[PDB]
Amino acid sequence: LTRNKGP
Amino acid sequence: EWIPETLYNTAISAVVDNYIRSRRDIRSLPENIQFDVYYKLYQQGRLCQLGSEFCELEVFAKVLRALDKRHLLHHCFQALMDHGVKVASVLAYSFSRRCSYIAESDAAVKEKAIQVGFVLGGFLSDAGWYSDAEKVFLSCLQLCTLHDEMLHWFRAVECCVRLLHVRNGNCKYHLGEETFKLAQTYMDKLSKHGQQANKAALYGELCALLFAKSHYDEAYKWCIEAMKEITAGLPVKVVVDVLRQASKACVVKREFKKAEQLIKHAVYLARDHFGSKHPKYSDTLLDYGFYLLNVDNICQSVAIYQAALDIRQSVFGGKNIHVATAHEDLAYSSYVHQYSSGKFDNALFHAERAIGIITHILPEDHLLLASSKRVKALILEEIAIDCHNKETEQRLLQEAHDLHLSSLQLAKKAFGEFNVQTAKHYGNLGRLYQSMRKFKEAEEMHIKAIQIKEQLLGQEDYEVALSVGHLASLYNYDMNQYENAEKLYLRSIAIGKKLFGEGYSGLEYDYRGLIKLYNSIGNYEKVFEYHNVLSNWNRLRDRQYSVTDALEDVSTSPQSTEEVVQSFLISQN
Amino acid sequence: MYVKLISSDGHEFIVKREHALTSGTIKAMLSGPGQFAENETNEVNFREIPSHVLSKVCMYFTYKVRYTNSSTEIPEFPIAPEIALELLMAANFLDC
Amino acid sequence: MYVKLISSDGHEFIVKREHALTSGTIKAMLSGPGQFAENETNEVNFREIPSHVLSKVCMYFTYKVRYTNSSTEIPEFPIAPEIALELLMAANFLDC
Amino acid sequence: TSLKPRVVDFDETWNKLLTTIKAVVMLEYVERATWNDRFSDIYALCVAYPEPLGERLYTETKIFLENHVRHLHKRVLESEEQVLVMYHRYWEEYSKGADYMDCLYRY
Amino acid sequence: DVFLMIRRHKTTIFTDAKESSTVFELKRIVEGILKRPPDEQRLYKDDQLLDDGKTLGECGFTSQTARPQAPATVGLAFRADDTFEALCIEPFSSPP
Amino acid sequence: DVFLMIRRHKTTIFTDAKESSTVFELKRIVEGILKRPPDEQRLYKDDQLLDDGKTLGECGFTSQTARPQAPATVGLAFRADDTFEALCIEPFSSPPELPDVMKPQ
Ligand SMILES: [Zn+2]
């Protein structure tokens with residue numbers, strides 16, 4: 001994992 | 001036990017088995033008896049004998065008059081819509097055609113038609129057939145605005161507060177503003193003649209319109225007005241509408257303290273009057289799950305959304321837009337909850353079934369796909385990067401690209417270019433292009449989302465913090481531009497820490513990104529201190545994980561109406 | 001002790017009181033001032049229930065009181081097709 | 001310029017000839033020996049079409065002629081349910 | 001007749017019901033056949049074509065009960081120094097009449 | 001158990017008795033309801049004269065043809081002015 | 001525009017007129033159809049004489065209650081040189097009695 005969740 | 005079957009229930013079985021010879025005489029029955037024969041026809045699987053009677057306006061009208069057995073009626077009506085017969089559109093067409101013929105009749109027949117139209121359109125709005133409920137309410141409004149009499153403005157504005165409701169659910173937001181203006185025109189005519197009507201329902205539906213159109217700055221003012229227009233004599237359904245929609249308008253404008261009060265009071269009122277297995281209580285559970293999703297209480301939002309879906313699969317059936325909304329909301333919540341765990345089996349199952357319903361009951365150009373597809377195109381991303389295969393990863397990213405492109409096209413068609421939903425689709429496309437190794441397009445979409453979210457929502461908001469997190473995760477982990485990634489991480493951690501305290505979930509993503517940022521360039525004192533901060537983050541999260549279930553967190557009668565409202569309004573200054 | 005059910009056309013339908021108390025409506029009509037005038041039988045009058053269906057109502061009363069909480073499998077009440085709907089109107093009015 | 005659509009009852013419906021040629025059958029009935037009536041307005045006997053439904057036919061003529069190629073939204077023809085079946089067979093026979 | 005929905009006039013059936021309902025309360029005597037036929041009247045008002053009169057029946061029953069309690073109140077309050085015993089007699093009558101009324105209005 | 005529909009003209013009294021029970025106690029049941037001596041009346045078991053003694057088991061009916069949901073009818077008549085009236089059990093009603 | 005059914009005994013003129021037009025033009029239409037003088041024509045709007053001076057819009061005929069779909073009827077009477085005659089509009093016919101299907105029977 002590199003990013004956060006999606007809006 | 002082996003109790004003998006009731007003679008009423010035994011005669012239902014005998015009458016149904018002799019249904020063909022007694023079709024005409026069952027119409028000559030009391031309203032409670034006539035429902036039970038039709039419900040037995042539903043229970044016996046004879047939906048086509050059921051559907052030949054529910055296509056008729058006046059047989060369905062007496063069936064609609066059984067108010068207690070409305071959940072059973074919703075279940076069998078959804079069974080007919082899944083059967084293949086188009087009873088929702090047939091009843092709407094029959095009402096409009098039979099109702100345009102009494103435009104010049106006396107007031108008694110007209111008000112009887114308006115009452116029947118309110119019952120039928122309210123049923124189709126509760127059932128989720130908003131396109132087939134708009135026609136009923138349009139015909140009702142047409143017959144209300146014919147004579148220049150006092151009560152006709154009351155019935156006309158009562159039509160318009162429901163046209164605006166069935167147009168928000170149908171994503172017809174461009175007719176919503178004109179419906180609000182026309183309703184306000186009849187309220188002006190009511191106020192001139194010394195008869196002030198309650199403005200809570202219309203202002204609430206306008207707040208829902210503006211929240212859907214991503215106009216949260218104006219939606220917050222309109223929900224303030226709607227909460228000001230709550231009185232003690234209002235129907236409980238209207239009060240619950242205003243409370244849940246004001247809570248959604250407050251949680252989106254970072255008024256979390258107010259939003260929990262409004263939404264917990266709405267949940268308590270929905271569970272009190274209606275019950276634990278009512279569609280309106282499920283609506284309040286959906287909005288309460290929206291709250292819990294937006295205040296980082298994700299684990300309770302998953303169980304709350306599942307409670308909303310289980311009610312909506314109970315009252316309704318299969319291919320229904322309400323079950324579809326419950327699915328697309330639970331799929332996103334499970335996507336958020338299992339984002340770190342990586343077990344997107346339930347989330348993909350709910351996202352796939354959500355699109356499998358909307359694509360069946362709604363046109364391909366409807367805006368409601370643009371949400372559901374988005375959710376699937378999130379989940380299909382995370383499964384792909386978790387899978388070690390390259391072919392499956394490429395195929396799933398191409399499918400997610402198709403879904404994001406379709407959702408963005410729908411957002412362009414309806415909301416325009418500078419909308420928050422468009423910015424969300426840009427952020428999702430930037431995340432995808434970061435996964436698609438298309439780095440230039442990824443940073444372009446991300447920076448466009450940054451611009452749109454900053455100029456409209458503002459600098460200090462959750463959405464822009466999440467988007468700068470995505471942009472600097474692209475910069476740091478992938479694009480190797482380590483200079484501005486530090487600035488965007490500092491901005492993201494600042495907004496997240498100030499908005500959700502020290503227990504925000506995205507803080508660990510930002511901390512890991514910042515630790516990688518420093519370890520790629522050195523400065524090991526920063527790495528040590530931020531490893532300590534990350535350790536504190538882990539120590540805080542598992543401490544606050546043990547919180548009781550949110551269904552009983554609202555308790556039984558903690559506060560009362562006109563106290564939640566007053567506490568919300570006196571602190572608005 | 002047995003109650004006195006009277007049909008629309010004057011037929012008398014003497015049935016056991018505990019049998020007739022299985023229906024809430026007769027439970028109501030026997031109570032109140034219906035119990036003020038008592039003789040060896042309790043008279044209840046149904047001016048709009050025909051005899052051909054009140055007979056089946058009394059048959060159901062006997063069938064229900066005999067098959068209450070019995071381990072033996074209960075056969076269905078043999079409602080004739082011609083008298084079904086009327087009995088269905090007699091079952092709702094009598095709440096039985 | 002006017003025709004006299006006489007019904008079976010006897011009610012003459014003097015409607016414009018341009019309205020009457022909306023229906024193909026009336027156009028056929030006004031062609032040939034039907035146009036040989038010298039007494040100005042042509043009488044078109046309709047011994048199979050009653051008066052109450054021929055009145056609705058003439059209203060449809062005046063409706064379609066006035067609302068042809070209309071730029072605005074058009075309303076549906078108000079047709080009563082109790083006359084709908086008779087005006088369905090009147091619309092087939094007149095081919096309008 | 002039959003247990004079918006009928007086009008009934010609410011005023012005449014309600015007056016026939018009123019003559020009995022004013023005697024069911026305060027423990028006045030009614031005919032057993034009359035008491036049995038009032039059940040049929042209740043059912044007929046609750047299944048009347050084209051609209052059930054249960055709303056009208058409920059409203060008129062509430063209005064009659066309110067008017068009767070107000071009349072009884074003006075009968076008890078105006079006689080002081082014995083309001084306790086008069087209230088007890090009135091409450092006994094009204095309690096038994098209300099139980100018999102809930103029996104009558106069971107449908 | 002055996003269930004009966006002892007019927008005379010309009011009266012349609014519903015009774016029950018054991019299979020091993022005899023015919024005589026049916027009149028004993030009738031005494032406490034119709035207030036009549038037992039020898040004053042007999043039973044017309046399928047419009048045929050029935051002996052005062054014997055038993056219900058071999059009388060012509062059993063627990064299979066006398067179910068509570070469809071009991072077997074039994075006639076009955078009185079003596080009026082030193083003579084016995086013939087049975088006049090009328091059918092209940094004609095279903096529509 | 002206003003749409004009328006000028007009915008006298010059994011005739012039914014399905015004509016149209018302007019809302020600003022007067023009764024004189026309508027009587028001239030009846031001249032053009034039934035070849036009768038306007039002085040022998042008294043027009044009734046539901047038992048009410050229309051004076052020749054006023055227009056169709058003033059007496060009650062508008063473009064909303066006299067649509068082409070359902071034109072508004074107007075009476076007609078002829079003089080025959082003897083004190084005119086009363087209105088004798090004969091109703092068209094009775095459509096077959098189609099009962100309400102849910103009526104109890
Ligand atoms: Zn079907």
# chains A, B, ... in the order shown; residues from 1 in each chain; ligands from 1
$ interface_residues --of "chain D" --to "chain G" --cutoff "12 Å" --atoms "only C-alpha atoms" --output "ChimeraX atom specification"
/D:1-20,39-43,49-68,74-87
$ closest_atom_pairs --of "chain B" --to "ligand 1" --cutoff "10 Å" --atoms "only C-alpha atoms and all ligand atoms" --output "CSV"
residue,atom,partner,partner_atom_place_in_ligand_line,distance
B:45,CA,ligand 1,1 (Zn),9.9
B:46,CA,ligand 1,1 (Zn),8.0
B:47,CA,ligand 1,1 (Zn),5.3
B:48,CA,ligand 1,1 (Zn),3.5
B:49,CA,ligand 1,1 (Zn),7.2
B:50,CA,ligand 1,1 (Zn),7.7
B:51,CA,ligand 1,1 (Zn),5.7
B:52,CA,ligand 1,1 (Zn),7.6
B:79,CA,ligand 1,1 (Zn),9.6
B:80,CA,ligand 1,1 (Zn),6.8
B:81,CA,ligand 1,1 (Zn),9.0
B:82,CA,ligand 1,1 (Zn),9.3
B:83,CA,ligand 1,1 (Zn),5.6
B:84,CA,ligand 1,1 (Zn),6.2
B:85,CA,ligand 1,1 (Zn),5.6
B:86,CA,ligand 1,1 (Zn),9.3
B:87,CA,ligand 1,1 (Zn),9.9
$ residues_around --residues "residue 56 of chain B" --least-positions-apart "6" --cutoff "8 Å" --atoms "only C-alpha atoms" --output "list in words"
residues 90, 91 and 94 of chain B
$ select_by_dssp --residues "chain D" --states "alpha helix (DSSP H)" --output "PDB file with C-alpha atoms, in the first residue's frame"
ATOM      1  CA  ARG D  17     -64.746  19.558 -45.254  1.00  0.00           C
ATOM      2  CA  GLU D  18     -61.028  20.008 -44.558  1.00  0.00           C
ATOM      3  CA  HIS D  19     -61.663  18.537 -41.103  1.00  0.00           C
ATOM      4  CA  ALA D  20     -63.614  15.607 -42.568  1.00  0.00           C
ATOM      5  CA  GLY D  24     -59.635   8.347 -45.171  1.00  0.00           C
ATOM      6  CA  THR D  25     -63.064   6.708 -45.187  1.00  0.00           C
ATOM      7  CA  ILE D  26     -64.942  10.024 -45.201  1.00  0.00           C
ATOM      8  CA  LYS D  27     -62.652  11.164 -48.023  1.00  0.00           C
ATOM      9  CA  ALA D  28     -63.630   8.028 -49.951  1.00  0.00           C
ATOM     10  CA  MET D  29     -67.332   8.545 -49.158  1.00  0.00           C
ATOM     11  CA  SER D  51     -74.377  10.348 -32.503  1.00  0.00           C
ATOM     12  CA  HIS D  52     -72.572  10.400 -29.145  1.00  0.00           C
ATOM     13  CA  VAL D  53     -69.474   8.846 -30.747  1.00  0.00           C
ATOM     14  CA  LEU D  54     -69.644  10.734 -34.045  1.00  0.00           C
ATOM     15  CA  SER D  55     -69.562  13.907 -31.953  1.00  0.00           C
ATOM     16  CA  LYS D  56     -66.244  12.725 -30.504  1.00  0.00           C
ATOM     17  CA  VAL D  57     -65.079  11.880 -34.038  1.00  0.00           C
ATOM     18  CA  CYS D  58     -65.816  15.450 -35.141  1.00  0.00           C
ATOM     19  CA  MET D  59     -64.044  16.785 -32.049  1.00  0.00           C
ATOM     20  CA  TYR D  60     -61.044  14.671 -33.049  1.00  0.00           C
ATOM     21  CA  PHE D  61     -61.197  16.160 -36.550  1.00  0.00           C
ATOM     22  CA  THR D  62     -61.163  19.716 -35.192  1.00  0.00           C
ATOM     23  CA  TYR D  63     -58.421  18.649 -32.753  1.00  0.00           C
ATOM     24  CA  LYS D  64     -56.032  17.062 -35.254  1.00  0.00           C
ATOM     25  CA  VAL D  65     -56.497  19.767 -37.891  1.00  0.00           C
ATOM     26  CA  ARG D  66     -55.725  22.522 -35.377  1.00  0.00           C
ATOM     27  CA  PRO D  81     -63.648   4.992 -20.783  1.00  0.00           C
ATOM     28  CA  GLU D  82     -67.361   4.314 -21.363  1.00  0.00           C
ATOM     29  CA  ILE D  83     -67.089   5.533 -24.984  1.00  0.00           C
ATOM     30  CA  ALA D  84     -63.568   4.235 -25.691  1.00  0.00           C
ATOM     31  CA  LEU D  85     -64.653   0.899 -27.170  1.00  0.00           C
ATOM     32  CA  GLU D  86     -67.288   2.446 -29.443  1.00  0.00           C
ATOM     33  CA  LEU D  87     -64.865   5.157 -30.568  1.00  0.00           C
ATOM     34  CA  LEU D  88     -62.242   2.487 -31.244  1.00  0.00           C
ATOM     35  CA  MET D  89     -64.505   0.786 -33.786  1.00  0.00           C
ATOM     36  CA  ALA D  90     -65.482   4.217 -35.112  1.00  0.00           C
ATOM     37  CA  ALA D  91     -61.801   5.050 -35.604  1.00  0.00           C
ATOM     38  CA  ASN D  92     -61.130   1.821 -37.519  1.00  0.00           C
ATOM     39  CA  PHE D  93     -64.136   2.231 -39.815  1.00  0.00           C
ATOM     40  CA  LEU D  94     -63.233   5.860 -40.511  1.00  0.00           C
TER      41      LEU D  94
END
$ calpha_fit_and_write --fixed "chain C" --moving "chain D" --output "short mmCIF file (atom, residue, chain, number, x, y, z; two decimals) with N, CA and C atoms, in the first residue's frame"
data_model
loop_
_atom_site.label_atom_id
_atom_site.label_comp_id
_atom_site.auth_asym_id
_atom_site.auth_seq_id
_atom_site.Cartn_x
_atom_site.Cartn_y
_atom_site.Cartn_z
N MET D 1 -73.73 -22.79 29.43
CA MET D 1 -72.63 -23.56 28.88
C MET D 1 -72.82 -23.69 27.36
N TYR D 2 -74.04 -23.44 26.91
CA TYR D 2 -74.37 -23.44 25.49
C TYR D 2 -74.87 -22.06 25.07
N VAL D 3 -74.56 -21.68 23.84
CA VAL D 3 -75.05 -20.44 23.25
C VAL D 3 -75.85 -20.80 22.00
N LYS D 4 -76.71 -19.88 21.59
CA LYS D 4 -77.64 -20.10 20.49
C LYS D 4 -77.33 -19.11 19.37
N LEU D 5 -76.43 -19.51 18.47
CA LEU D 5 -75.99 -18.65 17.37
C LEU D 5 -77.08 -18.63 16.31
N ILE D 6 -78.03 -17.71 16.46
CA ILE D 6 -79.13 -17.59 15.51
C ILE D 6 -78.64 -16.86 14.27
N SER D 7 -78.88 -17.45 13.11
CA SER D 7 -78.43 -16.88 11.84
C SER D 7 -79.48 -15.91 11.30
N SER D 8 -79.24 -15.41 10.08
CA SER D 8 -80.20 -14.50 9.46
C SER D 8 -81.45 -15.24 9.00
N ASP D 9 -81.28 -16.47 8.50
CA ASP D 9 -82.42 -17.25 8.03
C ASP D 9 -83.35 -17.61 9.18
N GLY D 10 -82.78 -17.97 10.33
CA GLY D 10 -83.58 -18.35 11.48
C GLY D 10 -83.09 -19.62 12.13
N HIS D 11 -82.18 -20.32 11.46
CA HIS D 11 -81.62 -21.56 11.99
C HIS D 11 -80.79 -21.27 13.23
N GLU D 12 -81.30 -21.66 14.39
CA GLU D 12 -80.52 -21.58 15.61
C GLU D 12 -79.45 -22.67 15.61
N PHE D 13 -78.23 -22.30 15.97
CA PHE D 13 -77.11 -23.24 16.03
C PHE D 13 -76.64 -23.29 17.47
N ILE D 14 -77.23 -24.19 18.26
CA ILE D 14 -76.88 -24.31 19.67
C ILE D 14 -75.53 -25.01 19.75
N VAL D 15 -74.48 -24.23 19.95
CA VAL D 15 -73.12 -24.74 20.08
C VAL D 15 -72.65 -24.40 21.49
N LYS D 16 -71.66 -25.16 21.97
CA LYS D 16 -71.11 -24.93 23.30
C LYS D 16 -70.50 -23.54 23.39
N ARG D 17 -70.61 -22.93 24.58
CA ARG D 17 -70.08 -21.59 24.78
C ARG D 17 -68.56 -21.57 24.62
N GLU D 18 -67.89 -22.62 25.11
CA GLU D 18 -66.44 -22.72 24.93
C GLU D 18 -66.06 -22.77 23.46
N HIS D 19 -66.89 -23.39 22.62
CA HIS D 19 -66.66 -23.37 21.18
C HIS D 19 -66.87 -21.97 20.61
N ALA D 20 -67.86 -21.24 21.12
CA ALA D 20 -68.21 -19.94 20.55
C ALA D 20 -67.13 -18.90 20.84
N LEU D 21 -66.49 -18.97 22.00
CA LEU D 21 -65.42 -18.02 22.31
C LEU D 21 -64.13 -18.28 21.54
N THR D 22 -64.12 -19.21 20.59
CA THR D 22 -63.02 -19.28 19.63
C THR D 22 -62.95 -18.00 18.81
N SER D 23 -64.10 -17.49 18.40
CA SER D 23 -64.17 -16.23 17.68
C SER D 23 -64.17 -15.07 18.67
N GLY D 24 -63.34 -14.06 18.40
CA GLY D 24 -63.29 -12.90 19.28
C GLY D 24 -64.57 -12.09 19.25
N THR D 25 -65.21 -12.00 18.08
CA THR D 25 -66.42 -11.20 17.95
C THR D 25 -67.57 -11.79 18.75
N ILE D 26 -67.73 -13.12 18.73
CA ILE D 26 -68.79 -13.74 19.52
C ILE D 26 -68.50 -13.57 21.01
N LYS D 27 -67.23 -13.61 21.39
CA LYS D 27 -66.86 -13.33 22.78
C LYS D 27 -67.23 -11.91 23.18
N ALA D 28 -67.03 -10.95 22.27
CA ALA D 28 -67.44 -9.58 22.54
C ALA D 28 -68.96 -9.45 22.62
N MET D 29 -69.67 -10.13 21.72
CA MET D 29 -71.13 -10.08 21.69
C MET D 29 -71.75 -10.77 22.89
N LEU D 30 -71.02 -11.68 23.53
CA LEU D 30 -71.45 -12.34 24.75
C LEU D 30 -70.97 -11.62 26.00
N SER D 31 -70.35 -10.45 25.85
CA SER D 31 -69.86 -9.67 26.98
C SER D 31 -70.62 -8.36 27.06
N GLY D 32 -71.03 -8.00 28.28
CA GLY D 32 -71.77 -6.78 28.50
C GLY D 32 -73.26 -7.01 28.51
N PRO D 33 -74.00 -6.22 27.73
CA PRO D 33 -75.44 -6.46 27.59
C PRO D 33 -75.78 -7.78 26.92
N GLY D 34 -74.83 -8.39 26.20
CA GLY D 34 -75.09 -9.67 25.57
C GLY D 34 -75.16 -10.84 26.53
N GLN D 35 -74.54 -10.71 27.70
CA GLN D 35 -74.58 -11.75 28.72
C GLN D 35 -75.74 -11.60 29.68
N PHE D 36 -76.54 -10.54 29.54
CA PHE D 36 -77.64 -10.27 30.46
C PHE D 36 -78.87 -11.12 30.17
N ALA D 37 -78.86 -11.92 29.11
CA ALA D 37 -79.98 -12.80 28.82
C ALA D 37 -80.07 -13.89 29.88
N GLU D 38 -81.15 -13.85 30.67
CA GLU D 38 -81.33 -14.75 31.80
C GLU D 38 -81.79 -16.14 31.37
N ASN D 39 -82.30 -16.30 30.16
CA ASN D 39 -82.90 -17.56 29.73
C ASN D 39 -81.86 -18.62 29.38
N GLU D 40 -80.99 -18.94 30.34
CA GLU D 40 -79.94 -19.95 30.21
C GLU D 40 -79.06 -19.70 28.99
N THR D 41 -79.29 -20.45 27.92
CA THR D 41 -78.51 -20.30 26.69
C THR D 41 -78.69 -18.91 26.10
N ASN D 42 -77.57 -18.29 25.74
CA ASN D 42 -77.59 -16.94 25.19
C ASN D 42 -77.80 -16.99 23.69
N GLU D 43 -78.69 -16.13 23.19
CA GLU D 43 -78.96 -16.04 21.76
C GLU D 43 -78.10 -14.93 21.17
N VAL D 44 -77.35 -15.27 20.12
CA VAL D 44 -76.45 -14.33 19.45
C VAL D 44 -76.98 -14.14 18.04
N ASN D 45 -77.73 -13.07 17.81
CA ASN D 45 -78.32 -12.82 16.50
C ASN D 45 -77.24 -12.47 15.49
N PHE D 46 -77.38 -13.02 14.29
CA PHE D 46 -76.40 -12.89 13.21
C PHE D 46 -77.10 -12.55 11.90
N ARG D 47 -77.91 -11.49 11.92
CA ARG D 47 -78.74 -11.10 10.78
C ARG D 47 -77.94 -10.82 9.51
N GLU D 48 -76.61 -10.72 9.59
CA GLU D 48 -75.78 -10.59 8.41
C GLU D 48 -75.18 -11.92 7.94
N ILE D 49 -75.16 -12.93 8.80
CA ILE D 49 -74.55 -14.22 8.48
C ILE D 49 -75.66 -15.20 8.12
N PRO D 50 -75.71 -15.70 6.88
CA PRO D 50 -76.71 -16.71 6.53
C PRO D 50 -76.50 -18.02 7.28
N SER D 51 -77.49 -18.90 7.18
CA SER D 51 -77.48 -20.14 7.95
C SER D 51 -76.49 -21.14 7.38
N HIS D 52 -76.40 -21.24 6.05
CA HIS D 52 -75.53 -22.23 5.43
C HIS D 52 -74.06 -21.96 5.69
N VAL D 53 -73.70 -20.73 6.06
CA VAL D 53 -72.32 -20.37 6.31
C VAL D 53 -72.07 -20.32 7.82
N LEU D 54 -73.10 -19.99 8.60
CA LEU D 54 -72.95 -20.07 10.05
C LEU D 54 -72.84 -21.51 10.51
N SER D 55 -73.44 -22.44 9.77
CA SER D 55 -73.25 -23.86 10.06
C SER D 55 -71.79 -24.26 9.88
N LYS D 56 -71.14 -23.76 8.83
CA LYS D 56 -69.72 -24.02 8.64
C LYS D 56 -68.88 -23.32 9.70
N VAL D 57 -69.31 -22.15 10.16
CA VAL D 57 -68.62 -21.47 11.26
C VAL D 57 -68.67 -22.32 12.53
N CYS D 58 -69.84 -22.88 12.84
CA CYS D 58 -69.96 -23.73 14.02
C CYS D 58 -69.16 -25.02 13.88
N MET D 59 -69.13 -25.58 12.66
CA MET D 59 -68.26 -26.73 12.42
C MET D 59 -66.80 -26.36 12.63
N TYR D 60 -66.39 -25.16 12.23
CA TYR D 60 -65.02 -24.73 12.49
C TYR D 60 -64.76 -24.57 13.98
N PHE D 61 -65.75 -24.09 14.73
CA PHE D 61 -65.59 -23.99 16.18
C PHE D 61 -65.34 -25.36 16.79
N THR D 62 -66.20 -26.33 16.47
CA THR D 62 -66.03 -27.68 16.99
C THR D 62 -64.78 -28.36 16.44
N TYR D 63 -64.27 -27.89 15.31
CA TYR D 63 -63.04 -28.43 14.75
C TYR D 63 -61.80 -27.89 15.46
N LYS D 64 -61.75 -26.57 15.66
CA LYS D 64 -60.56 -25.97 16.26
C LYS D 64 -60.48 -26.29 17.75
N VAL D 65 -61.62 -26.35 18.44
CA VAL D 65 -61.58 -26.68 19.86
C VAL D 65 -61.08 -28.11 20.06
N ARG D 66 -61.53 -29.04 19.22
CA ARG D 66 -61.11 -30.43 19.38
C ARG D 66 -59.69 -30.67 18.89
N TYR D 67 -59.24 -29.94 17.87
CA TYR D 67 -57.92 -30.15 17.29
C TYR D 67 -56.88 -29.17 17.80
N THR D 68 -57.16 -28.43 18.87
CA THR D 68 -56.17 -27.51 19.41
C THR D 68 -55.01 -28.29 20.03
N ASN D 69 -53.81 -27.70 19.93
CA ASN D 69 -52.52 -28.24 20.39
C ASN D 69 -52.40 -29.75 20.20
N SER D 70 -52.76 -30.20 19.00
CA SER D 70 -52.77 -31.62 18.69
C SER D 70 -51.37 -32.12 18.40
N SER D 71 -51.05 -33.30 18.94
CA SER D 71 -49.73 -33.89 18.75
C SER D 71 -49.56 -34.48 17.35
N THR D 72 -50.62 -35.00 16.76
CA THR D 72 -50.54 -35.63 15.44
C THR D 72 -50.73 -34.59 14.34
N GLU D 73 -50.58 -35.05 13.10
CA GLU D 73 -50.81 -34.19 11.94
C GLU D 73 -52.29 -33.82 11.85
N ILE D 74 -52.55 -32.59 11.43
CA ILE D 74 -53.89 -32.01 11.46
C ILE D 74 -54.39 -31.87 10.03
N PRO D 75 -55.65 -32.19 9.76
CA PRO D 75 -56.19 -31.99 8.41
C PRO D 75 -56.74 -30.58 8.22
N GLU D 76 -56.70 -30.13 6.97
CA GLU D 76 -57.26 -28.83 6.63
C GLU D 76 -58.78 -28.86 6.73
N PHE D 77 -59.36 -27.70 7.02
CA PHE D 77 -60.81 -27.58 7.14
C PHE D 77 -61.46 -27.72 5.77
N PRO D 78 -62.39 -28.67 5.59
CA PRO D 78 -63.07 -28.80 4.30
C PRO D 78 -64.03 -27.65 4.05
N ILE D 79 -63.66 -26.81 3.09
CA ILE D 79 -64.40 -25.61 2.73
C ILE D 79 -64.73 -25.67 1.25
N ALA D 80 -66.02 -25.60 0.92
CA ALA D 80 -66.44 -25.69 -0.46
C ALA D 80 -66.09 -24.41 -1.22
N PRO D 81 -65.74 -24.53 -2.50
CA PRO D 81 -65.45 -23.32 -3.29
C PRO D 81 -66.63 -22.38 -3.44
N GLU D 82 -67.85 -22.91 -3.49
CA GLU D 82 -69.03 -22.07 -3.66
C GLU D 82 -69.45 -21.36 -2.38
N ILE D 83 -68.88 -21.73 -1.23
CA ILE D 83 -69.14 -21.08 0.04
C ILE D 83 -67.91 -20.36 0.57
N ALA D 84 -66.78 -20.48 -0.13
CA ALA D 84 -65.51 -19.97 0.38
C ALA D 84 -65.52 -18.45 0.53
N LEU D 85 -66.12 -17.74 -0.43
CA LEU D 85 -66.14 -16.28 -0.35
C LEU D 85 -67.03 -15.80 0.78
N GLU D 86 -68.20 -16.44 0.96
CA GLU D 86 -69.10 -16.03 2.03
C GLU D 86 -68.53 -16.38 3.40
N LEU D 87 -67.81 -17.50 3.50
CA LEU D 87 -67.19 -17.88 4.76
C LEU D 87 -65.89 -17.13 5.01
N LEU D 88 -65.34 -16.47 3.99
CA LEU D 88 -64.22 -15.57 4.20
C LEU D 88 -64.68 -14.28 4.89
N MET D 89 -65.79 -13.71 4.44
CA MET D 89 -66.33 -12.52 5.09
C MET D 89 -66.94 -12.86 6.44
N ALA D 90 -67.40 -14.09 6.62
CA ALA D 90 -67.89 -14.51 7.93
C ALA D 90 -66.75 -14.74 8.91
N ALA D 91 -65.57 -15.11 8.40
CA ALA D 91 -64.41 -15.29 9.27
C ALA D 91 -63.79 -13.97 9.68
N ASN D 92 -63.83 -12.96 8.81
CA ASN D 92 -63.35 -11.63 9.19
C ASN D 92 -64.25 -11.01 10.24
N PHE D 93 -65.57 -11.03 10.01
CA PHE D 93 -66.50 -10.39 10.92
C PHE D 93 -66.47 -11.06 12.29
N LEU D 94 -66.29 -12.37 12.33
CA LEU D 94 -66.21 -13.09 13.59
C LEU D 94 -64.80 -13.13 14.16
N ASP D 95 -63.79 -12.75 13.38
CA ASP D 95 -62.39 -12.72 13.82
C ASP D 95 -61.94 -14.09 14.34
N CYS D 96 -62.37 -15.14 13.66
CA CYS D 96 -62.00 -16.50 14.02
C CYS D 96 -61.08 -17.11 12.97
#
$ residues_around --residues "residue 3 of chain A" --least-positions-apart "3" --cutoff "12 Å" --atoms "only C-alpha atoms" --output "PyMOL selection string"
(chain A and resi 6-7) or (chain B and resi 339-340+381-382+385+427-428+430-432+434-435+466-478+489+505-514)
$ residues_around --residues "segment 62-64 of chain F" --least-positions-apart "4" --cutoff "9 Å" --atoms "only C-alpha atoms" --output "PyMOL selection string"
chain F and resi 1-3+18-19+56-58
